[PDB]
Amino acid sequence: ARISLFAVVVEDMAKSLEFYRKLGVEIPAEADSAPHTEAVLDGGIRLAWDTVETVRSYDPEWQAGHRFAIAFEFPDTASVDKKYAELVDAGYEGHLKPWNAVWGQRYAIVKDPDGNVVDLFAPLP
């Protein structure tokens, strides 16, 4: 597994991107209308933004909730289920069990010991 994205949850996409542009982050043109935006970092890791609306479409429990998440990519979809089960029978908090997400990925969410959101995912065939 590899860390693929760090994500922040934003109330207003345009206001958040305006700030990170001031710190030199290279952010796609016209991403102010995006529900989800990504900027590319050295090595290929991305910084991502998701609006509150976006997050609540699959994690309705969110209340201002994590304001960030770490997303790990896995080599295949069964590996997500497998790691999710590995972490939960180890005693960690399973927040949302694995599902086929509308954006094309096997996806699952656990919480680390400090309440942080960790996403587990792989692309759908």
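Residue numbers here begin at 1 and follow the sequence given.
Undergrad: When you step from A64 to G65 in this entry, do you jump over none, 1 to 3, 4 to 9, or 10 or more residues of the deposited sequence that have no coordinates?
TA: The entry has 1 to 3 unmodelled residues between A64 and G65.
Undergrad: Using only the Cα atoms and their B-factors as the entry lists them, report which of 23 to 31 and 54 to 62 averages higher.
TA: Comparing averages over the C-alpha atoms only gives 23 to 31.
Undergrad: Between 6 to 14 and 105 to 113, name whichever shows the higher mean Cα B factor according to the PDB entry.
TA: For C-alpha atoms only, the mean B-factor is higher in 105 to 113.
Undergrad: Looking at the C-alpha B-factor values in the deposited entry, which of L41, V88, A48, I70 comes out highest?
TA: Each of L41, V88, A48, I70 was compared by C-alpha B-factor; the highest is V88.
Undergrad: Compared with the other modelled residues in the chain, in which third is the CA B-factor of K83?
TA: Highest third of the chain for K83's C-alpha B-factor.
Undergrad: According to the PDB entry, is the CA B factor of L124 in the bottom, middle or top third of its chain, that is, lowest, middle or highest?
TA: Within its chain, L124 is a highest-third residue by C-alpha B-factor, going by the deposited values.
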